[PDB]
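Structural description and commentary
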Amino acid sequence: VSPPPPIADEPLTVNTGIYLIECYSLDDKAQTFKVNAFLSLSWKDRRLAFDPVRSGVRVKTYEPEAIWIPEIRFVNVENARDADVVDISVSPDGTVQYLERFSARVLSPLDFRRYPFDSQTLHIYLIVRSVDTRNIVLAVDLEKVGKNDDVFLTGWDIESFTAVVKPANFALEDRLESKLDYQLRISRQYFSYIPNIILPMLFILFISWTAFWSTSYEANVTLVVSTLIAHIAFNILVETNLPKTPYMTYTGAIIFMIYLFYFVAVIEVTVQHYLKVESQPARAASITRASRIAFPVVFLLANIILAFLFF
Amino acid sequence: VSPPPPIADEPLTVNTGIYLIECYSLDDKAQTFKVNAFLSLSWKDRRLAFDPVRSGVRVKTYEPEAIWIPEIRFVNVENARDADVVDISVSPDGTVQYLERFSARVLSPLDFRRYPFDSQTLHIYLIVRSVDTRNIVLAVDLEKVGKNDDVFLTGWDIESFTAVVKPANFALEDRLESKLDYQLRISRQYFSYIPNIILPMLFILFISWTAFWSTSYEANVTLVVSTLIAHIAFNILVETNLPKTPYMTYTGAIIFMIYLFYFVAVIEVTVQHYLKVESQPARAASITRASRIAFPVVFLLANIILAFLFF
Amino acid sequence: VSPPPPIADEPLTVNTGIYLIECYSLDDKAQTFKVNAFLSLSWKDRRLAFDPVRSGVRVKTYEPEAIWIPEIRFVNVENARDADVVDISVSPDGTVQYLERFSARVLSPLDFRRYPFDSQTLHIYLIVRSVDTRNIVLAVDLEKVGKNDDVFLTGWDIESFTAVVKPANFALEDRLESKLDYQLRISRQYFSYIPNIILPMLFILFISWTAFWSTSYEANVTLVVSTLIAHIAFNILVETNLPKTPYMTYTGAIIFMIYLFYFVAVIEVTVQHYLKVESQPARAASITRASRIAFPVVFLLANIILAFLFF
Amino acid sequence: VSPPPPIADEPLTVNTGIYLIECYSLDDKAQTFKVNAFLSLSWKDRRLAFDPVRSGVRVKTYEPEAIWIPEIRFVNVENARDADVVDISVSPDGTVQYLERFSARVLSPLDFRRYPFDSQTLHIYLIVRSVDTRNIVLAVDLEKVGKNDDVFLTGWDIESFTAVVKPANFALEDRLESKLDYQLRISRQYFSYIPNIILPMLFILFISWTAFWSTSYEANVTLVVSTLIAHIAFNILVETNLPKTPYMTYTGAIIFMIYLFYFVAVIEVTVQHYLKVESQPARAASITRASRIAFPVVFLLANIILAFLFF
Amino acid sequence: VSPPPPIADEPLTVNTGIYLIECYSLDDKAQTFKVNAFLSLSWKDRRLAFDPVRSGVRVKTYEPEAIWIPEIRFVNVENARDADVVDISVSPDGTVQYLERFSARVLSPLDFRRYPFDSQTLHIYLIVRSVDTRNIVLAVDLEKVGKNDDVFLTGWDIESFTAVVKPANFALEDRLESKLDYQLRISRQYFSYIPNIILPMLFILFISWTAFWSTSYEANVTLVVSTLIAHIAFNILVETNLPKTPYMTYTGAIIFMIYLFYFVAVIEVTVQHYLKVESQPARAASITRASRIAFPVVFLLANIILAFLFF
Ligand SMILES: [Cl-]
Ligand SMILES: [Cl-]
Ligand SMILES: [Cl-]
Ligand SMILES: [Cl-]
Ligand SMILES: [Cl-]
Ligand SMILES: [Cl-]
Ligand SMILES: [Cl-]
Ligand code: NA
Ligand code: NA
Ligand code: NA
Ligand code: NA
Ligand code: NA
Ligand code: NA
């Protein structure tokens, strides 16, 4: 079968729609998400047109093999989508109404700069390649774009599912391609990160600062070195949940900065002990008393600077 | 083939049933479970009706391609179910009896608030989309709903498998959809959590409290800091078994609260040492003696408050 | 095609056989195992009967589509088996001899009570559903039941592969079902658990007991707390290899009991230090000397009690 | 269908092109990467030639089954590619223009010597096997070789996608094989390794060197042994991200060398304590003062030697 | 189609060949490896014989459906191979030349006794089952057996790919089976194990022996107990890379033996301290001085004994 013939030099408009049924498996490391949705397609085929009086029927149901169907693909997928045709209905003016239910693993990059207080715009790119007989252009039927109420994405708040109505028409290998952009706006549920990573990480840091109220070098060494090892464990835990980024993330910046605080606390603990052994505890006492104020003040100000730079 | 014609304007009733054969792979993190079951369908097709006297046969067996079969799908699945038709039997009045055996990965959200003393209602949503000729409505044949005795779900007690008999009839993309809710009620086998997570976590906390019977700062620092690191290991272990929730879980609340007890024990150990060095051991002794009662009493009361808020 | 017609009211006997070729991927956590085997089927179809003199041939080879073949399924599988027909041979009396090679992931629950000194009976349930024309019953052809010599299951000793010759005939959705039970008896190769988990776990426990020959509280605290952390690591390691059970396993009981020994050792170390500080080292010496005998004796007796209860 | 007949003894030239759409899942351990691209093929088939005046059409569109298409395969794949034909267009002279969209998991070895400051040349080998009637040779149509702008590879900078225009023609099982080499040049985004592995690893090493400003053996033992354990954690973390190589990687060399620095620091800490106990602290003081300069100087020089040998 | 008829009572010889293209994913734990290769088959079918003068053609190309092809399978696979026919060529005498390209996950057990200095013989078992008309025997065409030069197996040195030319002819379910053994000889690249596991494990052990040059019980306890915990981490790391074996591996023996050295070092450290407290440091000094020689000498000799028993 060949595509429908053009009245004038006009291209063939294929009206599209995506209705999300299930949304799942958003892999932060892979930058992928899995989708289960309806894909609706509509175009006019004058060759399929019929008399309602003469034929008796108001609409004709065809099997995919019986009629011409546009080769519609997704750009940003891993493998060709798993699809199952639900219905094909032809009106007697030749207006075809196609509906399929599909599942695909969509590849969409994420911006981790503000992690875990980040928001994302996931994309689903629909595409059609023009044939030699005719040029095919995609359009959005807004009445056929949406999502089910029950659609949930573990660890995410689904904000909106909309389509950029104007297609990106371009040439690829000397043929017109009509590309449509479907956008799923999400925002991370940061809640769990507070009692599981942030608050624990702060507690161990504050425990290391108790060395500023101790003259016992052996105890101070144990306090600062032990809490530093727990901080290393939290750093490893965080980086296993995230992919390697060519930029600094918000959590990554805080985690990295806290290492500098542990390093300076080791210097303070060392300086204090050296002075005490040198019979200079009065100078050591001045440094330790200053450290009690300096460490929390510099930590608070550095975090204000970080929060300002990132948000 | 077209759907059966309506006598009057009445919709076509498709009676359904699900009989669970195997239940497995309940993934807490993914909020998914795998199912292997029978799906029974029954509807009247007057065009298939025959006289038992004339034809000779009491029932006619057809192949799926030979007759009209309703396009029945699951709402909350990852991918279309893997199905294999078992039987299609037509009675003289045109009553069709369809049976298939399928397997599917069902996406059903879980409520982890009371974890690991939680109960869940897993859902399997059956759905049919109306055609242009006729409107299709789903119904439950209660005699065809059930489960095999051998059906087990590792780490769970299967309570019941029932169906909400009245369908959710609604419009989706200007067509009637008839949705049925099948509910599998389960309750977690909490047993293993007691000797593997809860009891060990309490033992290490109680070991940290031995510092209240010691004047040795170096030993106290080792006791409280070492047990805190073991607590961090249990926290990481627990959160690997669970997905990130925008709410606090029961275990998560206990785990988080225990950090505050470690933090205050570090303060006590620090205060006691500072006072001893300041030649004030009488004041330090009063604080340590109070701590011996305060810590277990505040721990017991805070746990009563938590258990009350969660159950 | 319809099933063979009954001479008298007798059911149609389908003789079965399973010959294991490959056995692999026994997942303890999932309670699944993967199998690759031959499935042989034999039944009489009088409609296929022929004269060897007239036809010339001793046996007739048919393609699956050409003749009636019983819809044979496995009960306890994840998905329908991956099968490939090898041969279909018909004898002059109409006796059909079918052979296929299949692969399936079989779901069979395991009893971990005696782990890792446990034995299991894996099951493969063959099933046939009766048709409206005739009732179909399964039988075992013992000459066609067996396994290849090279059949190995990593970490397991394959003991026997037999079939319960009498089928479980029952009604499911108003139709007769004939179920056969194939049993693969296995026993775990416990060897590796001795140098990798048991012996190391005992060594660290015995190291904690050296604190009974030390008066140094700081060293004792280090000894008992450090070895307890290594015991936590072994507990976490063991529970990653096992699923969560609503009962106590043998290894789980030993692991749990050892926590009580660490807890009492901390109490002893604390009591000894408190008494020494109170200027009562004579009383402390009596407790420490008793502990040197009490700890290994109570450990040995408790293990005899455990081994008796579990075996 | 048979291949096109040769005018003279000349082989049949199949012009090829690969246009990358999506690039993903570069597994360092497996030495694999996943690709989604267009594969364009062009060859002359004089039997398909037609007159544009007589036929009316400028180009003829065929289905794959209708005409002869060369059996084109990838050498370095896991499984045969997942392909879907997009278009087949024949020009009046018989010039066939084939286009398919495919996805494949490509097996290409990586050189980890300079890791994580490494660059790679990923290969995609196209191959055709000659038939008995004719010899088939591959060619590159440079106008049909390229990549989409949006093509990203998490943790990598895509440099170029080019083809080695001259094929590797050879004999395999007494038949000519024409192999083409498509090269994707990439360079690793090392950024993240600096705040996550390298800087932390240096901090813990520098903390171990504070023992050179302490006379307390107990504190020194804690400092050097604790930091060594954190170094073991970083070594284990690094080797989980990398496959086992029969050569030394840059990071592997630095990680290994740092063990020698910890080992010598333990010797220094031991020697210092032995001398102090032997009433020789003046000799011990000379060794510790030298160590304060020797350790950072030898570390800096050894790293210059390593960086020189590796880059 | 039926198999070729026998001139005399001779069986039908199917000449075989395997040419490896890609070798990958050797899973030590699963005892599996993935292969991508050519499978060549050749047999004489007198019914397909033709005159080159009369027909005009020197060779006839057939589609698999058109002619009889032997049902060739692999014994030690997980699932049936993924195959794609490349060519089928018939010579005038009826000699058929079949070629397919396949991919399969091969199940072949490994001997870990000498790990990681082990060598393996991977097996690929080809098999044919005789039909009722004729007996089918397999043969090796040595000119069609080989491997590509680029064939690499991450962490392994590919030594040779040969075939045992004489088949194992046997009876399975009253039918002849002709089995061929293809052997891929590999040897592990042990290099990486030296700087990543062996050298680090020795360093921590040697650090524990510094306690023999210290009279400080508290420091000795820290040294021996801390290094023992790092040894536990290396033991856990090693056993995650290996499957559970009913025998002792070389690395497993060394790892286990080192526990005994840590245990005896704890006894030495305990005995030394007990004697010092008992005012017997002269006896303690004799034991510690002996230990300085005994520990490295017994370690070196025990390793010579182990290396002798294993190689
Ligand atoms: Cl697609
Ligand atoms: Cl479905
Ligand atoms: Cl099945
Ligand atoms: Cl391919
Ligand atoms: Cl050549
Ligand atoms: Cl050739
Ligand atoms: Cl196979
Ligand atoms: Na079509
Ligand atoms: Na139908
Ligand atoms: Na059939
Ligand atoms: Na310590
Ligand atoms: Na073709
Ligand atoms: Na065939």
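Residues numbered from 1 in each chain as written, not as in the entry; some residues may be left out. Chains lettered and ligands numbered in written order. Heavy atoms only, no water.

Method-wise, the PDB entry is recorded as coming from X-ray crystallography, at a reported resolution of 2.65 Å.

If you look chain A up in the PDB entry, it shows as Proton-gated ion channel from Gloeobacter violaceus. In its Function section, UniProt records this for chain A: "Cationic channel with similar permeabilities for Na(+) and K(+), that is activated by an increase of the proton concentration on the extracellular side. Displays no permeability for chloride ions. Shows slow kinetics of activation, no desensitization and a single channel conductance of 8 pS. Might contribute to adaptation to external pH change." Quoted verbatim from the Subunit field of the UniProt record, the comment on chain A reads "Homopentamer." (UniProt positions renumbered as here; feature names shortened; annotations may be inferred.)

Per the secondary structure count, chain A includes 5 helices and 11 strands. Computed over its C-alpha atoms, the radius of gyration of chain A comes to 31 Å, more than 25% above the 19 Å expected for a compact globule of 311 residues. Taken along the three principal axes of its C-alpha coordinates, chain A extends 110 × 40 × 25 Å. Residue burial in chain A is summarised as follows: out of 311 residues, 57% are buried. Once local pairs closer than 6 in sequence are excluded, the contacts in chain A between residues at least 24 apart make up 74%. By element, 59% of the accessible surface of chain A is carried by carbon and sulfur atoms, the whole surface being about 12,900 Å². (Helix = DSSP H or I, 4+ residues; strand = E, 2+ residues; numbered from the N terminus. Rg over C-alpha atoms; globule rule 2.2 N^0.38 Å. Buried < 20%, exposed > 50% of the residue type's maximum accessible area, 1.4 Å probe, protein only. Contact = heavy atoms within 4.5 Å. Areas by Shrake-Rupley, 256 points an atom, 1.4 Å probe, with all protein chains shown as cover.)

All names here are of chain A. One open sheet accounts for 4 strands, arranged 4-7-11-10; its pairing is antiparallel. Among the strands making up the open sheet, the edge pair consists of strand 4 (72-74) and strand 10 (156-171). Neighbour to neighbour, the strand axes of the sheet diverge by 20 degrees on average, direction disregarded. When strand 10 meets strand 11 (residues 176-188), the two strands line up antiparallel, connected through 12 bridges. Note on strand 11: the bridge partner recorded for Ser 160 is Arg 185. (Pairing = 2+ DSSP bridges. Axes fitted to C-alpha atoms, helices over the stretch in contact; angles between N-to-C directions.)

It is worth spelling out the nonpolar core at this point. Ranked by internal contacts, the top residues of the largest apolar core, which has 447 residues, are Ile18(A), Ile18(B), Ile18(C), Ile18(D) and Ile18(E). In this structure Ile18(E) touches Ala37(E), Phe38(E), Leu39(E), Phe74(E), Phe102(E), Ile124(E), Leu126(E), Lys144(E), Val145(E), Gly146(E), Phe161(E) and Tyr182(E), once residues within four positions along its chain are discounted. (Core = buried A, V, L, I, M, F, W, Y, C linked by side-chain atoms within 4.5 Å.)

This part covers the interface of chain D and chain E. Contacts between chain D and chain E engage 45 residues on the former and 51 residues on the latter. When the area that chain D buries against chain E is broken down by residue, the three leading residues are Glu173(D), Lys244(D) and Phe263(D), summing to 16%. Between chain D and chain E we count 2 salt bridges in total. The tally of links from chain D across to chain E stands at 12 residue pairs in polar contact. Considering every element that reaches the side of chain D that touches chain E, the biggest residue donor is helix 3 (residues 217-241) of chain D, with 11 residues. (Buried area = accessible area lost by both parts, 1.4 Å probe. Salt bridge = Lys/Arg side-chain N within 4 Å of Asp/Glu carboxyl O. Polar contact = N/O pair within 3.5 Å; in protein donor to acceptor, adjacent residues only side chain to side chain.)

Attention now goes to the coordination of the sodium ion (ligand 9). Note on metal sites: the ideal angle is 109.5 degrees for four tetrahedral donors, and 90 or 180 degrees for six octahedral donors. Binding of the sodium ion (ligand 9) to the protein goes through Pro64(B) (O) and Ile67(B) (O), at separations of 2.6 to 3.1 Å. Note on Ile67(B): relative accessible area 5%, which makes it buried. (Donors = N, O, S within 2.8 Å, 3.2 Å for Na, K, Ca; no water.)

With that settled, consider the interface of chain A and chain D. Contacts between chain A and chain D engage 44 residues on the former and 50 residues on the latter. Carbon and sulfur atoms make up 66% of the surface buried where chain A meets chain D, a total of about 4,200 Å² over both sides. By the criterion of area lost to chain D, the three top residues of chain A are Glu173(A), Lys244(A) and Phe263(A), representing 16% of everything that side buries. On the surface where chain A and chain D come into contact, there are 1 salt bridge.

Donor atoms from the polypeptide that bind the sodium ion (ligand 13) are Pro64(E) (O) and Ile67(E) (O), placed at 2.8 to 2.9 Å. Of the residues examined, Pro64(E) reaches a relative accessible area of 28% and is grouped as partly exposed.

Right, let's get into helix 4 (residues 250-277) of chain E. In a regular helix each residue adds 1.5 Å, so 28 residues correspond to 40 Å; helix 4 of chain E covers 41 Å between its end C-alpha atoms and thus fits that length. Its side-chain oxygen placed 3.1 Å from the backbone nitrogen of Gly252(E), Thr249(E) serves as the N-cap of helix 4 of chain E. (Expected span 1.5 Å × (residues − 1).)

Position of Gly56(E) relative to the elements: it lies in the loop between helix 1 (52-55) and strand 3 (60-61). Between the alpha carbons of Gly56(E) and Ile267(E) there is a distance of 92 Å; along the sequence they are 211 residues apart.

Let us look at the relation of the copies chain A and chain D. Taken as rigid bodies, chain A and chain D are interconverted by a rotation of 73 degrees and an axial shift of 0.2 Å, the fit giving an RMSD of 0.2 Å. Both copies of the chain, as the preceding transformation shows, are related through a five-fold rotation axis. The fraction of interface residues of chain A whose copies in chain D are also interface residues is only 2%, indicating that the copies meet through different surfaces. (Least-squares fit on C-alpha atoms.)

Attention now moves to the domain arrangement of chain A. Residues and elements named next belong to chain A. Domains assigned within chain A are domain 1 (1-192) and domain 2 (193-311). Tallying the contact residues gives 15 residues for domain 1 and 18 residues for domain 2. Together domain 1 and domain 2 conceal approximately 1,600 Å² of surface at their shared face, both sides included; 60% is due to carbon and sulfur atoms. For the interface between domain 1 and domain 2, the tally reads 0 salt bridges. (Domains from an automatic or database assignment.)

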